[PDB]
Amino acid sequence: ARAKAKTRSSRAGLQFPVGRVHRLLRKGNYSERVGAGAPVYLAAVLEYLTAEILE
DNA sequence: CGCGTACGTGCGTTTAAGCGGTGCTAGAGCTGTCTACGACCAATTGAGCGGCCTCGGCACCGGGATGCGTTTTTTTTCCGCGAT
Ligand SMILES: [Ca+2]
Ligand SMILES: [Ca+2]
Ligand SMILES: [Ca+2]
Ligand SMILES: [Ca+2]
Ligand SMILES: [Ca+2]
Ligand SMILES: [Cl-]
Ligand SMILES: [K+]
Ligand SMILES: [K+]
């Protein structure tokens, strides 16, 4: 009875991939642990700066 | 190279940094405890990849328009000399 999958991006209201960003943080040798809001925050900042250059 | 004065020098006056010290207490830093949060795992599936087709944006062309650099002949300007 498994719930339909909503991407973490859609929950954060982002177009940039939260889930990918989390996975690059975890595998990029930055810290032993990555908190749940970190990729959400970082994807958001990457999205903002992308928008601003694109505008 | 020649002209004007901005900076270096020195000296006499004035300022406040440095020093050694005491006193007070904010907050750095440490300890132990509890628990929210992240890692890990296994199953499940949809986001995003590689591959493939299409047709309009863009590169490239020639032609014509126009912006502008250059020179020579033309009108205005700013002097510039003394002689007053
Ligand atoms: Ca944004
Ligand atoms: Ca914007
Ligand atoms: Ca593609
Ligand atoms: Ca082409
Ligand atoms: Ca041409
Ligand atoms: Cl976090
Ligand atoms: K202290
Ligand atoms: K905690």
Side-chain angles (χ1 to χ4, degrees):
Chain A
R2 260 193 43 179
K4 182 157 180 50
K6 296 187 169 196
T7 67
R8 283 195 274 175
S9 287
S10 63
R11 300 207 171 88
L14 304 174
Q15 317 263 241
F16 267 48
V18 167
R20 191 180 279 180
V21 165
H22 198 228
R23 189 256 294 160
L24 294 167
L25 285 172
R26 276 187 305 95
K27 299 212 309 191
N29 292 300
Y30 298 110
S31 67
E32 192 207 313
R33 321 184 98 244
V34 180
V40 171
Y41 206 107
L42 176 46
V45 180
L46 296 171
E47 191 173 318
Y48 168 66
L49 300 168
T50 298
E52 191 70 68
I53 289 180
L54 288 173
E55 167 77 27

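Per chain, numbering begins at 1; letters A, B, ... match sequence-line order.
Taking atom CZ of residue A:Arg2 and atom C1' of nucleotide B:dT44, one finds them 4 Å apart after rounding to whole Å. Protein atom NZ of A:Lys4 is 16 Å distant from nucleotide atom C1' of B:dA43, rounded to whole Å. Taking atom CD of A:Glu32 as the reference point, atom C1' of B:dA39 lies 9 Å away to the nearest angstrom. Going from atom CZ of A:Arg11 over to atom P of B:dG46 covers 14 Å, rounded to whole Å. One interatomic measurement links the two molecules: CZ of A:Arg23 to P of B:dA39, which rounds to 15 Å at whole-angstrom precision. For the pair A:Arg8 CZ and B:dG48 P, the computed distance is 12 Å after rounding to whole Å.
Projected onto DNA chain B by closest heavy-atom contact, A:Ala36 and A:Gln15 fall at different nucleotides, the more 5' of which corresponds to A:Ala36.
In this structure, the separation between CD on A:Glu55 and CD1 on A:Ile53 is 12.0 Å, given to the nearest 0.5 Å. Here A:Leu14 contributes atom CG and A:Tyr48 contributes atom OH; the two are 14.5 Å apart, rounded to the nearest 0.5 Å.
Across all non-hydrogen atoms, the minimal contact from A:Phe16 to A:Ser9 is O-OG, 2.7 Å. Considering all non-hydrogen atoms of both residues, A:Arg8 and A:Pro39 come closest at NH1-CG, 4.3 Å. A:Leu24 and A:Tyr30 get closest at one heavy-atom pair: O-CE1, 3.9 Å.
Here A:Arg20 lies in heavy-atom contact (under 4.0 Å) with sugar-phosphate atoms only. Nucleic acid contact for A:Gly35: sugar-phosphate only, since backbone atoms but no base atoms lie under 4.0 Å from a heavy atom of the residue. Using a 4.0 Å heavy-atom distance criterion, A:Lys6 is classed as making no nucleic acid contact.
Residue A:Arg26 places its side chain closer to B:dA39 than to any other of B:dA39, B:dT44, B:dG48. Comparing atom distances between the A:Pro17 side chain and each of B:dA39, B:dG48, B:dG46 picks out B:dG48 as nearest. Side-chain atoms of A:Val34 lie closest to B:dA39 of the nucleotides B:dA39, B:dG46, B:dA43.
A distance of about 23 Å separates the P atoms of B:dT74 and B:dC78, rounded to the whole Å. Nucleotides B:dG2 and B:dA6, compared at atom P, are 22 Å apart to the nearest Å.
Judged by the sign of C1'-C2'-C3'-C4', the furanose ring of B:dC79 adopts a south, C2'-endo-like conformation.
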